[PDB]
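Structure 1 and structure 2 below are the same protein chain in two forms, each given by itself as structure tokens.
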Structure 1
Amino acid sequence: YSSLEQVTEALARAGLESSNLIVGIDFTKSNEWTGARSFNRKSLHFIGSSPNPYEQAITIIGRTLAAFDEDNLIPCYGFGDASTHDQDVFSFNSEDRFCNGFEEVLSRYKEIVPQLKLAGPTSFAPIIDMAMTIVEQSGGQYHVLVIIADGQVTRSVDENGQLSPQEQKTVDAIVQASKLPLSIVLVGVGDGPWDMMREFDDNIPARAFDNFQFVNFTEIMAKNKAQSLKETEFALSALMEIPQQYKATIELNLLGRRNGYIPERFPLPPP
């Protein structure tokens, strides 16, 4: 495809209807160096006059999905900074006020970044748990959770086939989320590594439907072709499987139904 528009129309013809976007941003301290090869020895969270990789990912995906929400309200969270670590997420806005389209996700982000202290370690359990509450409170409406991160879930130290506590909770959160009408997209930005990644998806337990997808933003953005086509490939690789998961949610009677056993997660305020 040559534009995001062709991608947008491709989701639409594949059966995609109303879809609410949720964004979670990685604020781990590794973002200082993971831009070594991929972002010219700059911090991934560097704010200049060019968009950094988080800003690019947000822009491309927010644009491709803008058509599927009338109000474009995007619940927007950070995690991995000093206030949250691997335990919580924080709202971009006070009182967990959702963002107005990706453009307010973008502007609000740049305001927030230089007021953080990047921390760690890395778990996606809190952001996934957060998106589950939002889905449940929405009354079972279809959501796409897009997680944008610069590394895989923290594994401190135990080859002999055991899971780190972060891995365990993340994998638990992914499986548990398959009970809801929700698609989870992990976007990998920066140098990574992202090698051990679809061997990770190999150890996610069986689910009613395949609610999880990893996409490597860096890898795509590195190929030798027009900026447009890189952007199209990323949008498509990120989202090509979401219509099929949306249908899955219908055939399992998840949509429009409330689950009843989803604990209410609360977001820390923006720092």
Structure 2
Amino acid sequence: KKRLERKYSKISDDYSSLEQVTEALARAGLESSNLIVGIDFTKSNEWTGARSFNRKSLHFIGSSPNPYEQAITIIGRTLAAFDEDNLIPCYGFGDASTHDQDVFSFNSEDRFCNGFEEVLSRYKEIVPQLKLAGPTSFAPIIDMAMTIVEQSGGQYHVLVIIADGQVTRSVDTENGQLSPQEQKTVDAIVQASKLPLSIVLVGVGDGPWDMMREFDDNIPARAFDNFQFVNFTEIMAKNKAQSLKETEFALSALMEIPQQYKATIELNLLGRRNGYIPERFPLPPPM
């Protein structure tokens, strides 16, 4: 077990096209996957639109779609295939109703969204009724994903977190001493490597991204690299045509999935219950 974890320590970008990954996924023997979506409704979204979204809030409802609406739309166009039943569990976190402690379900009895159509539909209905708040932690959304996976009896899931990457940090700490939010988020990423769960951070807005890269590349304590960072605004910024960016997004999202899936098998997680994952209950959507 010691040697198999240092085999899956860090996962580089080992694929230059979507086709290479699609093939690597076949060769890996991936037959069934499900998506979970988490959306950052923290107040940082108010100022992380400075350069990338014209001094507006990333959650601003205008005449054209905001980076959250864009990401939901492009995830639906590129990854909807990887949810086998097209029912998407969708959760908000970091509004006044949840802060850094909970998540809320997009629909009432934690009814899953009917495709990315309803994820987008509901995002629009929900965000104007929210108070963007904080602090910012991924612990609750990762716990929610862990609970979904555990209750499924270890079915492979991909948690897609759309976020501005601004997790609460000690602005003056000189060494690498961690905020409570960082610490709990890291503990959650570590806990989640006991389960057949892949995480993909779809970054929107200006960054900075130092911490999302830390989560991507450098968490020694975890059983396998279960975290990919995708700079979605860097990709959409580029000069090339729309469909050529959609492809680059898809490649970047799926980049770590082949080795991650293999890890769930080699580490004896796929189709197993861990047994000791405390059940998390999502709050209802704000009304």
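The first residue in the sequence of structure 1 is number 1, and each one after it adds one. By rigid core we mean the largest C-alpha set that fits within 1.5 Å across both forms.
Trainee: Looking at both forms of the chain, which one is the form whose entry title says "open state"?
Mentor: Structure 2 is the one whose entry title says "open state".
Trainee: After superposing the rigid core, is the C-alpha displacement of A82 2 Å or more between structure 1 and structure 2?
Mentor: Moves: no, less than 2 Å.
Trainee: Does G15 move its CA by 2 angstroms or more between structure 1 and structure 2 when the core is aligned?
Mentor: It does, since the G15 C-alpha is displaced 2 Å or more between structure 1 and structure 2 after the core fit.
Trainee: Would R41 count as moving between structure 1 and structure 2, using a Cα shift of 2 angstroms or more after superposing the core as the test?
Mentor: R41: C-alpha displaced by 2 Å or more between structure 1 and structure 2.
Trainee: Please give the CA displacement of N203 between structure 1 and structure 2, in Å, after core superposition.
Mentor: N203 C-alpha displacement between structure 1 and structure 2, core-aligned: 4.4 Å.
Trainee: So with the rigid core superposed, the C-alpha of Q6 shifts by how many Å between structure 1 and structure 2?
Mentor: Here the C-alpha difference is 9.6 Å.
Trainee: What does the CA of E55 shift by between structure 1 and structure 2 after fitting on the core? Give it in Å to one decimal.
Mentor: Its alpha carbon moves by 1.8 Å.
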